[PDB]
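These notes concern the structure reproduced below.
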Amino acid sequence: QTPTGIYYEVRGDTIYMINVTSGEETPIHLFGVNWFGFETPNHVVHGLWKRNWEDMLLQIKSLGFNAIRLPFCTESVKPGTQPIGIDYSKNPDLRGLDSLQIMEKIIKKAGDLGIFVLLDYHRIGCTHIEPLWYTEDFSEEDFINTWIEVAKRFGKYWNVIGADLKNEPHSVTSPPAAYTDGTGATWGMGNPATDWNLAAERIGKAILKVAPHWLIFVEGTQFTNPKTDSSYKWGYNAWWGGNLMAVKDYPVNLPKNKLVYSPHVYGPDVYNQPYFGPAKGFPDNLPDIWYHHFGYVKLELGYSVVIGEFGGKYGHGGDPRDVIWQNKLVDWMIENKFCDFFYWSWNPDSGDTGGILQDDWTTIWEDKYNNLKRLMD
């Protein structure tokens with residue numbers, strides 16, 4: 001049931017790593033970071049114009065992280081795709097390698113450091129996050145076939161825990177139109193061509209056929225269906241990939257022991273949500289909002305919930321409420337035992353969030369990290 005001898009599964013709401021030969025099981029927690037770049041025109045994780053790739057992984061490990069979420073686009077996982085923006089004096093062992101080979105080298109090195117890797121099909125093109133898992137020139141079959149090829153190749157790396165099926169299903173128009181106009185993802189609306197809960201089953205099933213040992217990470221949508229979204233006062237103000245309110249009545253039809261729900265959640269640096277106003281009760285109003293959008297999926301329904309993205313500038317060149325926001329979110333995660341997450345991002349070159357690293361790609365933001373470090377202990 002595994003090409004590596006290692007099998008990942010959810011027991012209760014906790015992820016376990018199973019050695020199938022010895023029978024040994026260990027619960028694991030994912031203290032993760034997003035290192036992005038393979039999903040961009042660079043076709044490689046960013047920062048290698050300033051840093052050595054291995055030094056980066058060591059620095060990540062040095063801060064107590066044990067997991068990396070690795071966004072990719074279709075092109076980066078095809079042989080022959082050339083990366084742009086590498087300083088080869090700092091990265092001599094990367095000379096001659098295409099994007100796929102660098103991805104392999106990074107995953108293998110991460111594994112050597114005991115770092116788990118989650119593969120994230122972040123973009124179909126390499127420019128922006130499409131609202132759906134297909135485009136006019138790239139069909140759902142093309143999407144699934146790509147995942148199959150990725151699972152065949154990377155399923156052989158022991159430390160790859162699975163597949164984040166599609167980054168941030170979302171809408172590009174407003175409701176109630178968004179539910180039916182076919183431009184955006186839905187959940188429980190009924191049309192299997194827009195319903196992410198149905199698509200996730202189709203894509204997930206295909207992956208589990210070739211990588212039965214993997215977990216399937218399924219993000220939220222932005223809007224689900226009018227009955228669900230209208231059932232809660234802040235039902236129309238969830239993030240892309242962050243609306244899991246339809247899980248209760250419309251659960252994804254996959255084996256529970258292989259499924260992880262993976263919401264994204266953000267603060268005032270990404271969008272000035274009305275509920276970030278003290279006028280609306282910020283920040284003491286946040287736990288109930290998080291609980292409704294996604295928290296109940298673990299606390300009430302007992303599924304594995306892993307926060308796939310969260311982050312913000314933490315008062316460095318952004319909205320100073322972000323400091324309060326990130327502190328409250330970490331407090332809530334600790335209190336409710338959400339111990340699995342991927343911070344967005346390791347990279348500093350994220351326009352609305354910044355990262356763990358500062359713009360010099362070398363020094364970390366001490367305060368931002370100190371808060372996060374609380375989740376690690």
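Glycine gets a Cβ as well: all are built from the backbone with ideal geometry, and neighbour counts include every protein chain shown. Nothing in this text is a laboratory measurement; each read-out follows from the coordinates by a stated rule.
Among the residues of region 17-49, those identified as touching a residue at least 60 places away in the same chain (Cβ under 8 Å) and at positive phi are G37, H43, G47.
Remark: pairs (first residue in region 5-16, outside any loop (DSSP other than H, G, I, E, B); second residue among the acidic types (D, E) and crowded, with 17+ Cβ neighbours inside 10 Å; Cβ separation under 7 Å; 6+ apart in sequence or on different chains) = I15/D340; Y16/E9.
Select from region 164-178 the residues that are more than 24 Å from the chain's Cα centre (by Cα) and either hydroxyl-bearing (S, T, Y) or assigned to a loop (DSSP other than H, G, I, E, B) (or both) and write down the one among them that is surrounded by the most Cβ atoms within 10 Å (Cβ to Cβ).
My answer is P175.
Once region 158-179 is narrowed to residues that are touching a residue at least 24 places away in the same chain (Cβ under 8 Å) and polar (S, T, N, Q), the residue that is nearest to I203 (Cα to Cα) is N167.
Counting only strands (runs of 3 or more DSSP E) wholly contained in region 21-83, the ones carrying 3 or more residues that are out of contact with any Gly (no Cβ under 7 Å at 6 or more places or on another chain) and buried (at least 20 other Cβ atoms within 10 Å of the Cβ) occupy 31-34, 67-73. Considering region 107-116, and only residues there that are surrounded by fewer than 23 Cβ atoms within 10 Å (Cβ to Cβ) and of a type in the set (A, V, I, L, M), the residue that is farthest from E54 (Cα to Cα) turns out to be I115.
For region 140-157, filtering for residues that are more than 13 Å from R202 (Cα to Cα) and in contact with a helix residue (DSSP H, G or I) (Cβ under 9 Å, 6 or more places away or on another chain) leaves 9. Whenever a residue of region 215-237 is of a type in the set (D, E, K, R), it has no partner that is in a helix (DSSP H, G or I) lying with C-beta atoms less than 7 angstrom away and at least six residues away or across chains.
How many residues does region 112-156 hold that are of a type outside the set (V, I, T), farther than 23 Å from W187 by Cβ and part of a helix (DSSP H, G or I)?
7
Starting from residues that are more than 19 Å from the chain's Cα centre (by Cα) and crowded, with 19+ Cβ neighbours inside 10 Å, keep the ones in region 188-205 and report whichever is farthest from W239 (Cα to Cα). So, considering only residues that are more than 19 Å from the chain's Cα centre (by Cα) and crowded, with 19+ Cβ neighbours inside 10 Å, the one farthest from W239 (Cα to Cα) is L198.
When region 179-203 is limited to residues that are part of a helix (DSSP H, G or I) and not charged (D, E, K, R), the one that is farthest from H122 (Cα to Cα) turns out to be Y179. None of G295, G318 is in a loop (DSSP other than H, G, I, E, B) and without any contact (Cβ under 8 Å) to a residue 60 or more places away in the chain except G318. Given the condition in a loop (DSSP other than H, G, I, E, B), small (G, A, S) and more than 22 Å from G184 (Cβ to Cβ), answer yes or no: does some residue in region 247-265 qualify? Within region 247-265 (the criterion being in a loop (DSSP other than H, G, I, E, B), small (G, A, S) and more than 22 Å from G184 (Cβ to Cβ)), the answer is no, since none of the residues qualifies. Note on region 284-330: among residues that are surrounded by 16 or more Cβ atoms within 10 Å (Cβ to Cβ) and among the acidic types (D, E), the one that is nearest to the chain's Cα centre (by Cα) is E309.
Among the small types (G, A, S), free of Cβ contacts under 8 Å to residues at least 60 places away in the same chain and on the phi > 0 side of the Ramachandran plot, is that true of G182?
Judged against the criteria, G182 is a match.
Right, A185: surrounded by fewer than 21 Cβ atoms within 10 Å (Cβ to Cβ), more than 16 Å from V297 (Cβ to Cβ) and among the hydrophobic types (A, V, I, L, M, F, W, C) or not? Against the criterion (surrounded by fewer than 21 Cβ atoms within 10 Å (Cβ to Cβ), more than 16 Å from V297 (Cβ to Cβ) and among the hydrophobic types (A, V, I, L, M, F, W, C)), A185 does not qualify.
Of the set (1) surrounded by 17 or more Cβ atoms within 10 Å (Cβ to Cβ); (2) more than 19 Å from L119 (Cα to Cα), all apply to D249 but (1).
Test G114 against the stated conditions and say whether it is under 22 Å from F341 (Cβ atoms) and among the small types (G, A, S). Answer is yes for this residue.
Filtered by the rule that a residue be under 15 Å from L208 (Cβ atoms), surrounded by 14 or more Cβ atoms within 10 Å (Cβ to Cβ), touching a strand residue (DSSP E or B) at 6+ places or on another chain (Cβ under 7 Å) and not aromatic (F, W, Y), region 1-16 gives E9, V10.
Of all residues in region 9-59, exactly one satisfies the criterion of being more than 24 Å from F341 (Cβ to Cβ) and touching a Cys at 6+ places or on another chain (Cβ under 6 Å), namely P41. Residues in region 206-219 that are under 21 Å from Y303 (Cα atoms), over 17 Å from the mean Cα position of the chain (by Cα) and not hydrophobic (A, V, I, L, M, F, W, C): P212, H213.
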